[PDB]
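**Student:** Handing you this structure, nothing more for now.
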Amino acid sequence: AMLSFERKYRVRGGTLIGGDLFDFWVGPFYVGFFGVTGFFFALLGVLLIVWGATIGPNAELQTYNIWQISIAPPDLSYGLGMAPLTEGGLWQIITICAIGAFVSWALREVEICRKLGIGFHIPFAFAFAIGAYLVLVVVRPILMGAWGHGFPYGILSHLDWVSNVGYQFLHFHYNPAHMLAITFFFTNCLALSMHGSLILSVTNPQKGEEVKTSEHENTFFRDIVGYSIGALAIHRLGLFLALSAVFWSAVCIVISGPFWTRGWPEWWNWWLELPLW
Amino acid sequence: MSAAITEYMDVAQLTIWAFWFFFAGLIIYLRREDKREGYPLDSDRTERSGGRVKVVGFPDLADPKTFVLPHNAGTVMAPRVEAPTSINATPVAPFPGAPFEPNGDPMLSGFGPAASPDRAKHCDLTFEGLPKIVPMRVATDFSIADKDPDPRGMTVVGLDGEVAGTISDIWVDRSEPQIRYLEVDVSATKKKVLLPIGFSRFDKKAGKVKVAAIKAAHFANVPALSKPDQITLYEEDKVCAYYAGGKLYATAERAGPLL
Amino acid sequence: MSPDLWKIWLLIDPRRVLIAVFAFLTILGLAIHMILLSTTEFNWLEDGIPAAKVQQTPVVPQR
Amino acid sequence: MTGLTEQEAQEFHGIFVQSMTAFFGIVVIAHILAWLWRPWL
Amino acid sequence: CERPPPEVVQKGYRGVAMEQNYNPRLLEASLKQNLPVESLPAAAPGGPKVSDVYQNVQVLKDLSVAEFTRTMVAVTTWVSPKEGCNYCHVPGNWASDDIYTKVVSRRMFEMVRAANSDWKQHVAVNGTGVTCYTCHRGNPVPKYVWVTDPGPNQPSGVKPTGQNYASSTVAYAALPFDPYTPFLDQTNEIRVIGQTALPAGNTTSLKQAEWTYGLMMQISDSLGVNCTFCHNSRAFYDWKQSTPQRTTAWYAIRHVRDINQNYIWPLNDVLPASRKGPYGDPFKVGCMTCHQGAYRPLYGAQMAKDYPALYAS
Amino acid sequence: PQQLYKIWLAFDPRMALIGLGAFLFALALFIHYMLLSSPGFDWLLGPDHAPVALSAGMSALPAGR
Amino acid sequence: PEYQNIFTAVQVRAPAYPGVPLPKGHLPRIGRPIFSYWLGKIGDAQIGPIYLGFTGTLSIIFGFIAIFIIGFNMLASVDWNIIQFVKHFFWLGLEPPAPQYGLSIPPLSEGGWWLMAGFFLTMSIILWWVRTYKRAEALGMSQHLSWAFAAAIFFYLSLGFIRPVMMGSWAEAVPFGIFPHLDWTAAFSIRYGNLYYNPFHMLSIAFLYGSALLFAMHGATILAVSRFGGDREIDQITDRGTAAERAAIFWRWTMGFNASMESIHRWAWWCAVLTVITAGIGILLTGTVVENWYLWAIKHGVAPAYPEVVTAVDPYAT
Amino acid sequence: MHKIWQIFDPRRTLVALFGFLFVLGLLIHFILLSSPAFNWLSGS
Ligand code: BCL
Ligand SMILES: CC[C@H]1c2cc3[nH]c4c(c3C)C(=O)[C@H](C(=O)OC)c4c3nc(cc4[nH]c(cc(n2)[C@@H]1C)c(C(C)=O)c4C)[C@@H](C)[C@@H]3CCC(=O)OC/C=C(\C)CCC[C@H](C)CCC[C@H](C)CCCC(C)C
Ligand SMILES: CC[C@H]1c2cc3[nH]c4c(c3C)C(=O)[C@H](C(=O)OC)c4c3nc(cc4[nH]c(cc(n2)[C@@H]1C)c(C(C)=O)c4C)[C@@H](C)[C@@H]3CCC(=O)OC/C=C(\C)CCC[C@H](C)CCC[C@H](C)CCCC(C)C
Ligand SMILES: CC(C)=CCC/C(C)=C/CC/C(C)=C\CC/C(C)=C\CC/C(C)=C/CC/C(C)=C\CC/C(C)=C/CC/C(C)=C/CC1=C(C)C(=O)c2ccccc2C1=O
Ligand SMILES: COC(C)(C)C/C=C/C(C)=C/C=C/C(C)=C/C=C/C(C)=C/C=C\C=C(C)\C=C\C=C(C)\C=C\C=C(C)\C=C\CC(C)(C)OC
Ligand code: HEC
Ligand SMILES: CCCCCCCCCCCCO[C@@H]1O[C@H](CO)[C@@H](O[C@H]2O[C@H](CO)[C@@H](O)[C@H](O)[C@H]2O)[C@H](O)[C@H]1O
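Protein chains in written order, with this note's numbering: chain A, 1032 to 1308; chain B, 11 to 269; chain C, 11 to 73; chain D, 14 to 54; chain E, 268 to 580; chain F, 551 to 615; chain G, 200 to 517; chain H, 189 to 232.
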């Protein structure tokens, strides 16, 4: 329900669509109009995933093992048209439901932060992950030419899809945007570990000692590496790294196939064929 | 000493089960740490039961943790008791989960986006015991960076682009050199009010400050300081909350909806 | 062009356009010379003209 | 809105029209030569 | 950089992503480089026999004179069109053998006739066949031969590694750049993956998987395909989940080993020194010598069926 | 429509011209790219586009299920 | 539009801050701090000073020797041609001894230099860990950072030292190079049957994605409430203001549960450390108790099954 | 007609147009170089 200091903040208004029709709370959650739409999109998507598991790929390979349940996209011979329900149209319906649910979630966040009077950084950051998913299942299939290029919905089968797509270019480590995205991911993990460690160390000092001040935080990292970035700038940098990783991963996957159809090492030939050497 | 314990079990399976047990323990620990602020919850279940059933969920709360503050400022318990308050609003509808209406004049109501708790009434201190946020009239060793506007004498305009005063002084932070506040000399009451940087946009071309939170006529109700050289944690929160309330209560079209 | 074209410099300062043009033509010339060096028709060093007078051992025909 | 006088717009418009006309004439001549070299339609 | 869309061929189950992608412009340019040659008209059947008008015929003993001269005319076009017939035959007569080209060609005839009769599980699935033009393409010396690569120069006291150097033989990766010698000439194990879930006496090192990877990069570059043309990448060892082309490749490796060990090496005495590598071995045959970047030589053009002198019987 | 000039009483023209120019340029780029992808309307291939014919039993693409 | 606090509009310059005084028996800090204007638009515009003790000097010496050996071998691999060194720089590497030596010492050109470089680099890393511990303890702070660094060092040593000794050969170790060590990463997966089916690999990937998600959420949250003074996290921890309350309430309304201003930094700490812990185990189980991860997953009913639409005849089974 | 520049600033539009024209020219030249039909360096 409510935290002991929450009742001051449950005010009316700030909705995008609906007004007073859906302006209420359900337990701890705020629903609104987009809450209703997103919840029922998610419910239908879940029920269709369960039915697709019930039907199975055949009558012999059907199983309720959670690692082995997979719902697959259509064939490449259907192009961008609509496939029969049992032959890959269920995947398309579930994809539409998932997109609807994600957009509803983002809009509900926008409503919540309008109500609380805070900035809009959080839905803005969520839009990057939504865009990466959309590149995975919408932009790349259209550029390639068929819905069959999307990945299957299964816990272990989409790993098989990733592996085979990676080996279609004979060596995926030599993709340059892939290297940039991996560098950003590793750097983000390092920065998060350091931020957590420093805050906990300052807040929980040695025994029989008082809480440390803001000067200690800067002095520590100036004495380790000779530079300190600050309290606000560490959060700036964390957001920047986490979003750059996703942006460059989307770039790396959208150029594989649509814009390059050979092995990835060969792409570096422009460097090796310069007249300098 | 081999890799097969039985006909079906092996080492790499026992290792994953041990990891799952450790992970369950870690999740319980983290959720218990999460519950040091705002619990036990305030719900209908407690008040119907006459203050008998306390809503904490699972897991329950931890034993109190002690923070000791520097310069003999005192001691604070991480899980503590706080006095229940009477809000300045009134429910829109009697069913549970209904919103509240900000009774009175919404800007001067202390409810909704214009709400804040009551923090300690003492100034934040440096490593030597000085006040932390002070105007540049006492932090004389500070200076404005080169090739920068120096926003003294800039006119401040309200939400509707109407001038509401001029900047008189800049409040900076001794421990970390950066600007935390602007001082506006309102030309409607002959008073001076503080303005957080997070609510002001620097138009460096024409030398202006844009305040999109409240209108020009609203600069006459900003909460004031006790002394003209330092600020306390209470007053800073009050000043920020007053401007935050304008993000919803400024105009008739800001309550929504679009359709 | 128009006789009154000289007013253009009342909008653009000489320094920031002189630097840009001088830093631009050099890059363009380098790029064109490299593009010509890349082709087999307009490479003046390896064209075989005039004659070779350089003897050109077992070879590796995989490369 | 832009803080320009009337003549500060008139002279700019006149010189802009003259320069753009000359620039377009150049590219028209270039495209005529290119078409006389190798048609692309 | 390239622009979409590509031409896609699906090979596996939907959602498994076993597909081939081609750039149509690159495909058209590659097609322009692999056209076949229109065959000669059929000979008049009958007349004098070969074994009664010629002396030093050894390989083509069971033909007719018209077919014999037609075959000679065709192989003049396939191998040495610029030089003509004096390239192989000493001027003055035709029965003399005092030149190395005639001996080499006599061995090459047997190699081709063996290829067209003994390895039909490789070169006769669709009846494409093998002719002299498959390798030479009108040149006396084929364009895609290999020798034992010495690699970049090293200091006198430094032991070479054979890797960590950019090379087109492994498609510009930092893998061992000479996979020909241990696999396509000698007979080393290509399999490195174990076939049990738990350890049982499989002590293959991690450095041998890189040699296998280099050979596979060379193979896929020679055929112009990717890995999923023959494999499912979640189990490279599993024949049950592979494609029918993997069996053809398995037989092709043995066919190339046979060609190198039994037809090319014994000729190392009579070939001139300009046909040998720095180690003293001649030019050898690989996957690139016939396919030249296509999944079939000449994309499967059938010109061997018109010449009955290229079959053992 | 008779009194359409009132539409400029609600929308600022200075932003409207920027938006219209940007949208029109984006639409033109998209349509040109779509034509460039299509196999019928591709002028970069040249007026004298002659694809390679297959003389014998040859196929440019391998077979697939 | 509204100020998003992504860049600093107006900067303020105060004199340099030497730092909190150190206790007796410490060397003075070296260097005089200077200010950078463009660096001040995103963070603090002050660089230096630094503290350099004895452990810090030893780390520098050991690490520079190791890096010099690596570079010298990369240069020798192209026969002292500096231009060819620049051309092939990303492809060059120094590589471990051959598999026919086991755990013995080969000649210099055949893996001795690799062993010496690895030893010196490991020594420098250990000394740097000791330096971080000492600097944490000199100011009266706790030792969370040294524990996280210890986890990273554990994964590094599993990757380079412990597993080769368990397998009994140096050829199982990773080379020193840009493209060479990516080749090693690919060959390791190929040799041991599709590392996607290693469950500790799955856990490690989950924790990496979780670290990215947690840092994005925390950064966006703190930037959203920074108009209330939310960036000063210590004050909010010791005296909860509107920033912490609004940050908690946003997430409680969004997903039903929330953390604290103090507690969230614990979620950050454990998520990153568990990324490398589960990594170090995942490769210690590979080749020692599991031979083929795909067959292991089939044995435990994890790998999915597909309809048989393409298949091949086995030439070893005729 | 001579009233656009009251709405649009001239100084920035000059540099914007100058940059846009050069970017477009470079793009068209690169595209033409990538087509074997219109390449003027190796086609002849
Ligand atoms: C053989 C295979 C190749 C390879 C082939 C590929 C292929 C193919 C891909 C990658 C992709 C990635 N690879 Mg790779 N990659 C390889 C080796 C690596 C190695 C390594 C150590 O070797 C690393 C670190 C990586 C790392 C990466 C990342 C850069 C990237 C994945 C992150 C991402 O896309 O976020 C994206 C994040 C999302 C999509 C999250 C979306 C979630 C949204 C918000 C939906 C909500 C979720 C859910 C419904 C909510 C409810 C759930 C519960 C009910 C609560 N690869 C090998 C060499 N790699 C992927 C990529 O770049 O994608 C853009 C990709 O497609
Ligand atoms: C872009 C930077 C990183 C990021 C940011 C980010 N994620 C976010 C947010 C932000 C800022 C939120 O505010 C939002 C949130 O609420 O967090 C608590 C969220 C969120 N990120 C989530 C997950 C998530 N983020 C990921 C990644 C990332 N998120 C990036 C690394 C991943 C990865 C890498 O895999 C996952 C799994 C959720 C916990 C949450 C959004 C919840 C949501 O959208 O709920 C609405 C939908 C449902 C409740 C049900 C959907 C119904 C569908 C039918 C489900 C199945 C769809 C699917 C296509 C089929 C199955 C797929 C198979 C692979 C199994
Ligand atoms: C929680 C797991 C994550 C993690 C954590 C982590 N890393 C850490 C720490 C922690 C907690 C530290 O405390 C420690 C540190 O100091 O952080 C600031 C560190 C660190 N993590 C580092 C790197 C690093 N971490 C990585 C990853 C990760 N670190 C994980 C994702 C990676 C990856 C993904 O590959 C790298 C590369 C270092 C920057 C630092 C530890 C540095 C160290 O120990 O160095 C010892 C050796 C030397 C200093 C040798 C120097 C010798 C000479 C100075 C060389 C002279 C030549 C010179 C290089 C020429 C070029 C010019 C120079 C001027 C640059
Ligand atoms: C038996 C039965 C009912 C079966 C049904 C099963 C079915 C069908 C389930 C499907 C239900 C579907 C499809 C939809 C329902 C959706 C509903 C109602 C609820 C789902 C909510 C949801 C998606 C929760 C996911 C949350 C998860 C898993 C991860 C979030 C990331 C994470 C680990 C967060 C933990 C740490 C937290 C709380 C961070 C937030 C947080 C941050 C980031 C701060 O910076 C901060 C700063 C200062 C103070 C506080 C905070 C703070 O709390
Ligand atoms: C101007 O610059 C000069 C020329 C001076 C120097 C320049 C050098 C350059 C350009 C260097 C470039 C280096 C690069 C690109 C390095 C890349 C390194 C990478 C990517 C490394 C990645 C992984 C390597 C790992 C994980 C190796 C780990 C090895 C370990 C942990 C081995 C430990 C071995 C031990 C402890 C062995 C002990 C055995 C004994 C003690 C007997 O050995 C003597
Ligand atoms: C079809 C029946 C023929 C004929 C008439 C010839 N060849 Fe080949 N050939 C191949 C290779 C790798 C070599 C060695 C490289 C070389 O020596 O140039 C040869 C060599 C010859 C020669 C000798 C040419 C010379 O250098 O003097 C001659 C005269 C010759 N061939 C004739 C490879 C192949 C093939 C690939 C497997 C095939 C098929 C053929 N050759 C077929 C023929
Ligand atoms: C984290 C929870 C862990 C719980 C279990 C703890 C005990 C773990 C013990 C296993 C450690 C690995 O133990 C190692 O296994 C391998 C593989 O079987 C054994 O190898 C041996 O048995 C295998 C299998 O029959 C045969 O190839 C041969 O007999 C021999 O090589 C080694 O002799 C043993 O040293």
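Here a beta-carbon is modelled for each residue, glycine too, at the ideal position from N, C-alpha and C.
Using the Cα positions of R292 (chain E) and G569 (chain F), report the straight-line distance between them to the nearest angstrom.
**Tutor:** Distance between the alpha carbons of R292 (chain E) and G569 (chain F) is about 37 Å.
**Student:** Could you check if residue 542 (chain G) belongs to the surroundings of ligand 2, using beta carbon to heavy atom distance under 7 Å?
**Tutor:** Here chain G has residues from 200 to 517 only, and residue 542 (chain G) is not among them.
**Student:** Any heavy atom of ligand 5 closer than 7 Å to the CB of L483 (chain G)?
**Tutor:** Result no, Cβ not under 7 Å from ligand 5.
**Student:** With H, G and I counted as helix, E and B as strand and the rest as coil, what does DSSP make of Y566 (chain E)?
**Tutor:** Correct three-state label for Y566 (chain E): helix.
**Student:** Contact between the stretch 415–428 of chain G and the stretch 1107–1117 of chain A: three or more CB pairs below 8 Å?
**Tutor:** Touching, no.
**Student:** Ignoring anything shorter than 4 residues, give me the alpha helix (DSSP H) runs that lie fully in the stretch 388–462 of chain E, in order along the chain.
**Tutor:** Those alpha helix (DSSP H) runs which fall completely within the stretch 388–462 of chain E and span 4+ residues are 400–403.
**Student:** Cutting at 7 Å between CB atoms, please list the residues of its own chain near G262 (chain G), excluding the five before and the five after it.
**Tutor:** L320, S323.
**Student:** State the beta-bridge partners of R212 (chain G) as determined by DSSP.
**Tutor:** Answer is B:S153.
**Student:** Quick check: does the Cβ of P409 (chain E) come within less than 7 Å of any heavy atom belonging to ligand 6?
**Tutor:** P409 (chain E): yes, Cβ under 7 Å from ligand 6.
**Student:** Could you name the residues that DSSP lists as bridge partners for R524 (chain E)?
**Tutor:** DSSP lists no partner for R524 (chain E).
**Student:** Is there a Cβ from chain D that is less than 8 Å from the Cβ of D23 (chain C)?
**Tutor:** Taking Cβ atoms only, chain D never reaches closer than 8 Å to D23 (chain C), which makes this a no.
**Student:** Would you report the Cα separation of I29 (chain C) and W19 (chain C), rounded to the nearest angstrom?
**Tutor:** In a straight line, the C-alpha of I29 (chain C) is about 15 Å away from that of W19 (chain C).
**Student:** Does any C-beta atom of chain C lie closer than 8 Å to the C-beta of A22 (chain D)?
**Tutor:** Output row for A22 (chain D): interface = no.
**Student:** For a contact meaning CB atoms closer than 8 Å, what does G376 (chain G) contact in chain E?
**Tutor:** Result: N431, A441.
**Student:** Terminal residues of the continuous alpha helix (DSSP H) containing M378 (chain E)?
**Tutor:** 367–385 is the extent of the alpha helix (DSSP H) around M378 (chain E).
**Student:** Select from E:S331, E:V326, E:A311, E:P312 the residue whose C-alpha is nearest the C-alpha of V320 (chain E).
**Tutor:** Checking every option, the nearest Cα to that of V320 (chain E) belongs to E:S331.
**Student:** Going along chain E, which residues have a C-beta under 9 Å from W495 (chain G)?
**Tutor:** In chain order: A464, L465.
**Student:** Go ahead and pull the three-state DSSP assignment for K191 (chain H).
**Tutor:** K191 (chain H) falls in the coil class under three-state DSSP.
**Student:** Whose C-beta lies closer than 6 Å to the C-beta of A88 (chain B) among residues of the same chain, with five residues either side of it excluded?
**Tutor:** Excluding positions up to five away in sequence, the list reads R46, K75.
**Student:** Report all residues from its chain with a CB closer than 6 Å to the CB of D195 (chain B); omit the five preceding and five following residues, and keep chain order.
**Tutor:** The answer, listed in chain order, is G175, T176, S178, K202.
**Student:** At which residue ranges does the stretch 481–532 of chain E contain complete alpha helix (DSSP H) runs of 4 or more residues, listed in the order of the chain?
**Tutor:** Runs of the alpha helix (DSSP H) inside the stretch 481–532 of chain E: 511–526.
**Student:** For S462 (chain G), which option in A:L1268, A:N1235, A:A1090, A:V1277 has the closest C-alpha, if you only look at C-alpha atoms?
**Tutor:** It is A:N1235 whose Cα lies nearest to the Cα of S462 (chain G).
**Student:** Does any residue of chain A have a CB that is nearer than 8 Å to the CB of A502 (chain G)?
**Tutor:** Cβ-Cβ to chain A under 8 Å: yes for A502 (chain G).
**Student:** Any Cβ of chain E within less than 8 Å of the Cβ of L394 (chain G)?
**Tutor:** So no, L394 (chain G) is outside the interface.
**Student:** Does the distance from the CB of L307 (chain E) to the CB of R270 (chain E) come in under 8 Å?
**Tutor:** Going by C-beta atoms, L307 (chain E) is not nearer than 8 Å to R270 (chain E).
**Student:** If you measure from the beta carbon of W413 (chain E) to each beta carbon in chain C, is any gap under 8 Å?
**Tutor:** Closer than 8 Å to some Cβ of chain C, the Cβ of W413 (chain E) qualifies, so yes.
**Student:** Should the stretch 468–484 of chain E be called in touch with the stretch 438–454 of chain E, which here means at least 3 C-beta pairs below 8 Å?
**Tutor:** These segments touch.
**Student:** Compare the C-beta of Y236 (chain G) against all C-beta atoms of chain A and say whether one is closer than 8 Å.
**Tutor:** False, the Cβ-Cβ gap to chain A never drops below 8 Å.
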